[PDB]
Structure formats: structure tokens, C-alpha cells
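So that you can tell them apart, the chains are marked A, B, C, D, E, F, G, H, I, J and K in the order they are listed, and the count of residues begins at 1 in each.
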């Protein structure tokens, strides 16, 4: 149920195998979002500034890499509880300036799980992953 | 009970997942959690290892202990495709444990479980049965001539 | 259900064990390599020396004994080449035990030595091998022999 | 002159050429066989490990314990504090035997030799040769 | 090598002396079925052909070459093999159309599906022939004339039947 | 194709990543990646294999059986559709007429047509189904050490009618 | 025929090595011989009632056949030393002597090995060479010329 | 008459059947039967080879003769894939036969038959024509400068 | 200490590494090229075979006659009686030329060298090194 | 005794073993590494090119300029007239530096060494060794 | 402007057609025609190169000039698959041109054209665009300061 400092590095290893090199990454991004929007149709309104109407437009592709790019930093360091809280706290002020219900990034949680499972080599522990990214979710929300 | 063969290939992959790096950040944190799990069931052993300043969990020294345990343990595994060089290096590693006091034959059979209770939480695909079988024939050959 | 002597091991054995007989003739090899195994036994346990009177062990190079040295390795050989397809091997060795049964004065503790000779004797005569593998299989052959004693 | 970047490179190249398993033993024994052909006296201290014939086992065992040591050393070579600790414990093992201070300086010459053939033209000699000194001096 | 997969749904790998035996040694007993025992290929008088390229000897330039089966016997007690005799014949190119004629004997193996022959003895220009019928039908082939010792590939000709 | 990419081209090859087959909308400019979203294996379907060769020896069975408790589709994102499967094995020896039916859960992937079974016991033997893509009465699926990715034992399954 | 022809003695010694091979084909190479023999002499199976010789694919019998080849390997192995052969061979006499074997049978078991060897072997061998050597062994076990 | 090429590959297999072993039991018995077949047609030659105690068929010495004949003869064959090293080693092996008395040019052309006489009886598949052609050009280059 | 078993092994390993045909000549010439780089004076006695340049033919011929000798030796190495006979005849060939007794002891050092690379870590040094002595002493 | 037929052969064999591209640099650096292990003093004059560590670049650059020279030499080795011209210009570059006349005679010994392994048993030593002298003397 | 990569493989083949030989007959005649084409547009440069006896078209010396130009030029190309060894050897080749009088930064940019006007007649398939682009970044760096 907690980050379980051993289990913390479990996902740290798995994530490396899933989030890969090459242009598949750009494809690995598309999956997550195409999954998310199908759960919450009206969440696209929040992206009017990034051309989030259609998801295949080049301006949007850029947006999604930064998202993974950002999330890579998070999972990269669960070893140092200091630097995480520093780096993570940065993301708070990013989202804080607009209205994100606690319903959405519960669904974006469900989205990453499924996509990872497919992309990954048939073996991973859900309840291990479930905890760690949820710790990050408690982070950006700003309060637990 | 018969290390067999396929069990060894089973190991060589399992061990390659935990050991893969040129940095020591990971190899440390894993093995430290082995003993940290050991001492919870045999607090008497903790009275030993006083030479290394055990009392400090994060010492500038204590790491320099566990690090040599790994590189010693990893030294075993990379011999399994070539035996007869194991015995020699096995017998050596045995004698380094009889020259001190407070090493009980009961302690080894304990840590056999210590990996099994907490070795996987690091990996995903893992064979408990294999790792448990070929590990005794390593340890049951250390405690032979020791009390 | 036996874990011991798993399938993958004896494949290694048969491959290594076959490196000796890559050479043609080979009669002289296993005569000589067999002549050592029996003599080197007598100099540990002297008691067994009496048992070989019928074959005239007193002559090491003697023809009458030499022909006996073949049939021990050759009898061992068919055992190794038959390791796969187990249910036959049980019957194969069963017939050897009974063959040692009618002979009197054969003590179970002898084989325990004969293994230790061979287990440490073998590593001299081969290029490479995994001692762990051979250890498993020869416990299979030897232990099942003498089960009649 | 060893620091930060020029150290980091030695780690990556240590991973590759050092190999694994049966390929590791073959690496170690290929090292010593260099120096013993060059400096015949060096086999005097090894009478404990039967260094009569290096190809024999039990020395094979030894030479692997050797290289394993460099792993511990080179692996922690980033964090300066904890480095000295192993270097401290290491020297202790070499106090009680007859050595010359020149054999050490000889060792690194013939070690960086063998890495040549496997890495061909690709590596920083400067990085190695100086940063193996920071390992070797701690033994004196 | 030294074994031949079975013919059926589920591929097994069975030793070559156990086909057309009169005992089922497979899972399904593929070895008893006339999709295998059929002798249509070594019935006496059949003849294969197709012009040969020579790589190793004689350098004659491509000219026709036939194999023919003069007499076949199958022993009642060891039905695994069909013993047979043949005559290889290929066109030397001199002036008039002429042919040297080796004479052969050998066995036909139901496993490999490959008949293989050899020169008899005291026969001019001693060659041997290896025909593999691994294609679908019992006609066509991929043969090769070989030297009888090394099984070294003297001349390769992809042969049919008329 | 390249690595994890999938080849949709009928007459004019178009190379697309694996995660977009049965994605829910048109990515392949042919339109040939959306035709296939019908799942082939329906609950109650029962497959029986015969052995090809076996070195991973638990019981080294003559032949083994496989049944579907229930297929299920995660609604929103469906390239992958998870499964419950029994695996029945009816052994025999000197002594015993032992039995087995271990339950497990795999997933069938519309991408490369493979189905997987995650190890039923702790022994770490994954069963890797592979259809050809046009047939669905038989698959050549074979067992694998989940950690090592090595082919150990094959079976040729058939659907029963 | 030839009297073992001490040169020709080693001819078969070489060929035999190429035929009698390594691996599990040997177990198969055994089956051939017997399946061949019994088809020549149907009533010879009576002699094997002790070894479960009713059906020939039963495991208990497979063991029996290897010893037979295993035994015969020893024979052909040594035709060099006329002493050790006569010693080793003479052993086989007392093996068979305790039961009734007509001179008809192991004439047929002679015919059996020939055919099987030819198939198993690489298209080239001299019959009249083989014919002599194993027949010398047959004169051996029979106990008298 | 033209050793050619294919004939040499023909040899290299034929020779590999007779020579295959690390023991000398076989290589001896074959070559001994060569001369044993030679002396039957030229008993005069038997008056030579007195240095080696020829009169004892099984001597502790005489073997040590024939053994060097083989290893010398086998030394020829393993050069046929590389010529120009043959001539040198051919010319050498020639001169070692002119330093003695009683070696007639007629004797070599005799043993040419001696193998053809009885070398087949050891092998099964054998090419008489090939072995006979490439063997002369070996021997007819030994008797060149010799009476 | 050379015996029935520890001798047998040398035969099997002699078969493998020694190779065949064009591979054999390449083996021999790779041997001498070792020792002549080490001990330059050794080329004095070879003026008969034009040992000026080893890569030239006629020496190539020689060095093969050499190794062929070891075959005769090592091949009969089981039967002790007949062994001495060849060793007897062999020494006779070396009586009439200028040698030092130290070159022999040098030879076996550099021969067992070259077999190292082809056999890697697999063989008994003890078996070779002692059982080549039983060949070398018969030449004195 | 050279310059004709026996010269021509050196050209053909120069083409093969010398290789190309990344394979060329690997050839040069494999040469010097021979001689510096043999004659340690030789690295004194290279302080200009940082011959401290040969594996470092800028020496890699140098040693290729070296071999490139032999190309110019050996390439024109047929036409005798124009040969001396390059040999004339070449020596001029070596006048202003501290050398010994024995290092040259050393060089050709260790160059024809390395070509041995790549060409095995096939070449005329006599052709090379004498016809590299016609290159080396022009430098004195 | 960006040598890129593919352009270099384009070169490596082009250069392999002109350079292929162990004789110097061809490599000379090509490069001589480069300067012979150069001097027609900058006769002032011809006043330099007096040290090498330029005045003789056919000299026993002048060839020994152009030959070293090629082997120097060819030395560049065979480094393009391995950079960082170029700069070092580039900077060197630069300084050998500043130690003399009469280097026109202007003349380097001249010979850039000189090949482009005398290449397409020796070869058949030729890429003008490629050879012209990757050649400047060579010459533009050997005329880095001035001269």
C-alpha cells in the first residue's frame, strides 16, 4: 500500500524496459491519450490552447512527450525522498492555475496501466505500480 | 537436492536482472534489505558484525561491508557454467567464516529464507523453487565444517 | 516424481562421455582405462582382492583379466547411452544388481569408495565437464546397483 | 588529474570488455599469462595458491577474486568518501606478504595492454592510466 | 540428421529403420498408410531425366542424363528397404550422339524418400547418384551425381519423369 | 516491418506501430486495421493439444486440454482482451491416476494474433499461443520459461466440434 | 570362407564403428535386428518367455537387446589379439549352453545383422568380409566347430 | 601422368580412413602387411634392412622402423593441398635413400603395386585408378637420381 | 610423475589442436616464430635448411618433419617398451650437431605456450609439462 | 638483390594486408605498439606528437602519415629514377631530429613481424626484407 | 554547409574509382591535370612552386611533388568514417601551408572549382553536388586564418 522502498525500485526497472528508445515512444504516447479521452469525452475542453481537438496534429504530439518526459523524471527518482519532493512540487504550480477535477487523473491512472501492460513483456505486478504512480498523483493534486 | 542444470540457467537470468549496472546504488539497497530482513528474526546475530559499526545503518563503512558480500556472492554465480573452479573458491569462502566466533550453522539456513522472503519484490518474473534449490547446495557446503 | 537427474543434464553427460570414443579402435583405451579402476580399488580396500580370484586379478596385463575389464566399462557404457527413456534403464540396471547378487562377499560400502575414486578419477581424463552433472547421474547408476545386496 | 567525467568513461568501458561468465575467467587468466612471461620472479609469492601452474584450478579461482576486487573499486569510483574505505580495507590484505612497490606500477602497464586488443583503437588511455593510479596508490 | 519426420498432422521425429515395418511406431501410426508404403516410384522400368550441369569432372557442357531401374527386390523379412539395380546414362559430346553407360546398385529408403545408388565394380568412370523426392508428388526430384567416397557433389541435375 | 511495428498492407504496404490495431479508429490509410476487431475465442470453447516434444517436465503428459471460463473486454481501450482459462491434464504412471486443473489468466492480442497464459503455478512456465491469423481452429502454441524466453515444449492444439 | 584374414579382421572393425553409433539411434538400431529375426523364425520367441519377449517394444526387452549388441561390440572390438578374444568369447559359451539353441536359429540371426548393417551403413561394405568374421564368432558361441 | 586435382581429394579421404587414430596398433599392422606382401615377390630385397633386425617379425625394434615409414608417408599426403613445400620435402626424402647401398630403381615400381596389391582389403570404397596415378608421381620422383 | 591416465589425455588433446593439412603447416611455423623472437641465437644451426628466413619454403618443410616426430613419440607413448626405441633412434640424429642442453628445456616452455590460445582454459598443464619431459630427456 | 620481379610481389601484398579505412588506423597503431613494448627509449622523440600515450589521438594521426609515406615509396618502387627523388625529400625531414642509425634497422624487423599473422605462411620474406632495405638506406 | 553523412559514402565510392591501383601512372595524370587546369585561370600562382622546378612539365622532380599531393589528399578521405582524427591531421596540414610565402586564400576557393571542372571527365557516374559540398568544409578549414 505504500511506496515500499524496495518496491519503489521495482517499477523503476520495469519502466526502463517499457519507455523505450526510438520513434515507438512517440507511438507509446498516442496510446495513453487515445485511451484517456474515450473514458472522459469532455476532458478535451482543457486542451483548447494546444490544439487538442484532434490528437494526431503535430502541435499535440510535442505536448505528450513533455508529459511522459516529465513523468520519466518522477519515476526515475524514488530513491531520494528529498529531490523527489522538490522536483514533484514543481508540477503542483503547473496544474494549479486551472481546474482539474479529482475524477480525471484517476482515469489517466487507469489509462497508463493498460498501455504499459501491452507495451511490456507480459510480466509486471499491478499492485506494485498502482501504489507508486498514485503517490505521484497525490503529489500534483497538491494535497493528500 | 541436485542443482541439476536448467535451474542454473534459470539463475543466471534472475541474477542478471538484479546485478545489471556499473553503479552500486542498486546492488547495495537490495542486499542491505536482505540482512535488514534477517535481523528481524534473529536479533542475536546483530550482536555480531560489531567490527563494521553495524549500529549505524548509514555509515561510510557499513556499505563497504555489504558491497563485498555482493561482489563475493556475484562471484559465485558467474562460475556455475564452469564447475571444479567452484569447489576451490567454495572451500576458500568457507574458511573465511570459521576464523571468527558467533557464526552458527543455524544462521545460514535462515538467510536461505531471507532471499526467498524478500528477493522478488525487486523482480517480476521469478522462480522461487529454482532459486531455493540451487542456493542450499551453495550454503549447505559452507556450514559443513563449522559449528 | 524425481527432480534428481533431470533431462537436460544427461544430454551434457552423453556429449562429454562421447569425446573419448571419437577415436577409432578404442579397445585399447578402455582396456587400459578399465585396468586402472580395479587395481586402484584394491590398494584402498584390500579385502576385495579375494573376490577376483576367478578372473586371475594377479596378472594386471593378463589376457584372462583384461577381457573382464572391457565388460565392466562396456556394461557401464550402455547404461549412460540409455539414460534417456528411463523405464528401460530401471530394467537394465535391475539385471546388473541380480548379477552381483549371486556373487558372495560383495559389501555395499565398496561402491561408496568406487564412486569417490571415479568422481575424482574422471576429471583427469576429460577436456571439460560440469562436476555437478556427473555427480547426479553416477548417484543414479551406483545407488540402484547394490539395491539387491 | 582524475575527476567527474574522465572517471565516468572508465565505468562504461569496464562493463563491455570485462564480459561475463565463462568469458570472464578466460579474461583473467589471459591477463596474468601476460605478466608472468614478462617478469618471471613474480610467481614466488603464489606458492600458497599453487601458482606453480596458472592454468591449474584454484589459481583460476584466485585470479577471479582479484578482478572482482577492481569491480568493487571501480564501481564506487564516483563517490569519493566511500572509495577510501575499500582502499583502506584492501591494503590490509596486502600488508602481511612480501611485495615490491614496483610490481604495482608494473601491473597497470600490462592490464591496459590486454584491453587494447578487445577495444582496438577506441578508448581514453589518459582516463584509465591516471584513474587506475588513484586505485593503486591506496594500496601502498 | 539420420531421422525423418512423419507424415500427418502432428510432426514427430522417428528413426529411419522403422518405416513400412509392419508395426506402428508413431503417435498416429503414419507408418502403416499407403500414402507411404506406395511403391509407385521404384516399380521396375521407371526412368528419370533432366539435363545435367557438370561442375566437378568431365566438363562436358550441359547434356541430357537419365537414370533407370532395371530390377527391384523387397525381402519379405526386412521390408524397411527396397534393394534395386539401375543404369545411369549421359550424353558425351564428341561428334555423333554417343553415351557412356555406368551400371549401378543401391537401396531405396522410405524415410528420406531418397533412393541412392553406387557404381558396381570394374566399371569405367565410377560414379553414383543421389535422388531426393522431397517434392510433393512421386515424380520430379533433385538428384546429383557424386563420387562414391566423399559424397562430394560432382554434377547436379533436377530430374523429371517421362 | 521494424521491431514492434505491424504490417497492414494488402497491396500497398503501410508500416504502423503495434498499439493501433483495433485502436477504435482509422490509422492505416488502407483501412485494413479495423476490419479485425471481432474476437475469435468465445466462452465454452475447448482446445485439446497433442504433444510434439517436451523437456519441461512436471508430469510430462501425453496430451493436455485447455478451456475458457470467460473472455472479457475492457471497454475503453481494446487491443487486448483478458481471459480466464483452465488447463486440464489427466496423467497416469506406475502408481496413481493423478489429475490437475490449474486456473490462470491470459490475454489475447489482436495486434500480432498471439495469446499468452501467465504462469499458472509458481514454476514460471508461460504458454505462448500463436495463431496464423486466418484459421482459428488450431494453433501451434508452445511453452516458455517466463524469465528466459526459451522454447521448451510444443503442442498442437485443435478446437473440438 | 576366409579364416578371419587378419588384415580383413580390422576391415569390419572399422566399418562397425561407423554403423553402431552414438545417441538414441542405437536403441533403434537394436529393434531392427530382432524385428527382422522373428519374421524368419516365428517360434523362436518361446526362448524369451523370461524377458517378456512376447511383444518387442516393451521396455524390459529393450534392455535385453542392448546387452546383446553391447556384448557383440566386445567381440568385434578385439579381433587383433587371438588370446583375449578366445578368453572373452569363451565366456559367452557358458551363457547360452544352459538352454537349447538349434544351429538353425543363429544362422538366421546372422542373415538378420547383414541386412540391417547394409541399410544403416554408408552404401559401401564387403559382404564376404563380414560373412567370415561374425561366422567365426558364431562358431565360438555354439561351443564347437 | 598428371596428378590433376580431384584425385588428391580422392586420396585425402582414402588416407583419412586408414590413418584415423591416436594409437599405432592399426597404422602398424597395415604398413607391415605392405612389405610382408613386397618380400614375397622380391626376396632379394629382404637381404637389405638387416640393420633393423628384419629377421624378427615381431621385434621391439622392427616396429620402430615401420612406424617411421608411416609417419613419413603420412607426412607426404598432408602436403598435397599445399605444393612447393612438397618438392623441398620430396628432395630431402629422396637423398635419405641414396646414402645406402642395395636400393634399386626396380624396387620402388614394385611397392607401387604392393599397396594396390593389398590396401583395399582394409577399406571398402576404394579407387584403384586414383591412388595408383598420384602415387607414381611421388615415387618416380624418388628414383630419379638413384640407381 | 607420468602414468597410464595422465598420459592418455595428452593424446586426445594432441589430436584436436594439431589440426590437419594447410592448417598444420600454419601451426608449425607459428611455433618457431615464437622462440626465434625470444632467443635470437637459436637460428645459428639452421644455416643448412636456410633458416635465414623461416617463412621461406624448405624450412616450412623442415618444421613439419619436426612436428611429425612428436606424432611418432606421443602416438606410442602408452606402450613403454617400444617408446625408448624411437627415443633411441631420435637422439642419434641430434648427436652430430652443436646444441646446448638448455634449448630443449626452453622448447617445451614455448610449445605449451601456443596450445594455450587454441585450447583457452581447458587442459591439464601437469599432464603435458611432465609428459613432454619423458620425451625431452631421451634426447639428452 | 632486388627491384625487378621480386619487387613486383611486394606491391600486390602491400595492397591486401594494408586494408582500408578504420581497418587502416587499427593496422598502424598495432605496429608501433609492437616496438614500444620492445624498446622503451624510442618514445623520447615523440614528445612533439604527445607520444606519451600512443592510443591517444594526434599520434593516431601521426602514425597514419607514417604508413602513407611507405605507400609513396613502395608505389613508385618500379621506376628507379623517380624513386630516389622521394627518398631524397624524405631524409630531409629526418635530418633535424635526434635518431640512432640502429632504430631504422630495428623498424623493418618489427614491421615484417605484424604482416606475418595476417598473411600466415604466404609471402617472400626475401623479397620484403631486402627491398625494404632499399627504402631504409635512402634515409641514412 | 553540413557535410552530413550520405555525402561521405557518395565520396568514398567516387574516390575509390580514381585511386584504385598500386601503380602511380593514373593517380599522377589526374592530379597533374587539376593544376594544369588551375594555372590557366591564375597564372600568378605559377610564379610560386619555383622550388620544385615547375617550369619543366615532365621533370624527374615535379612528379615527386604531385604524388605527395595525392597521397596527402587520399589520406584525408580515408579518415571520413573516423572523425576527431581528422581535425588533428587537418590542423597539421594547415600549418604546413602558412610557413611559406604566396598563399592566396583566394586560390583555395579556386581549386574547389578545379576538381569540379576536371573530375567529370575521368569518371562516368559522378555527383557534382556532393563532391562540391563536402570539399569546401575541408578547404574552408585549411584556410582558417589566412593563407
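As a convention for this text, contacts are C-beta pairs under 8 Å (C-beta built on N, C-alpha and C of every residue); 3 or more make two chains touch, one makes a residue touch a chain.
Within the contact network of the assembly, the step distance from chain D to chain K comes to 2.
Contact with both chain F and chain H is made by C, E. More inter-chain C-beta contacts link the pair B-F than the other of B-F and C-H. Distance from chain I peaks, on a Cα-centroid basis, for A.
For the two copies, chain I and chain J, the CA superposition rotation is 120 degrees, given to the nearest 5. Measuring from the averaged C-alpha position of chain B to that of chain J gives a distance of 56 Å. Averaged C-alpha coordinates give centres for chain C and chain G that are 24 Å from one another.
Distance between chain F and chain I, defined via averaged C-alpha coordinates, is recorded as 62 Å. Note: centroid distance chain A to chain I, computed from Cα atoms, is 70 Å.
Touching of two or more other chains is recorded for residues 6, 8, 23-25, 28-29 of chain C.
Shown for chain E are the residues that touch two or more other chains, namely 148. Shown for chain G are the residues in touch with two or more other chains, namely 14, 24, 80, 123-124. The set of touching chain pairs reads A-B, A-F, B-C, B-D, B-F, C-F, C-G, C-H, C-I, D-I, D-J, E-F, E-G, E-H, G-H, H-I, I-J, J-K, using the touch definition from the header.
Within the complex, the chain I residues that touch chain C are 4-6, 8-9, 12-13, 15, 78, 122-124, 127. Those residues of chain C that touch chain I in the complex are listed here as 19-20, 22-23, 28-29, 32-33, 35-36, 121, 124-128. Contacts from chain H toward chain C in the complex involve residues 20-23, 25-26. Those residues of chain H that touch chain I in the shared complex are 12, 22-24, 60-61, 63-64, 67-68, 71-72, 74-75, 78-79, 81-82, 84-85, 88-89, 92. Listing the residues of chain B that touch chain C in their complex gives 1-6, 81-84, 87, 133.
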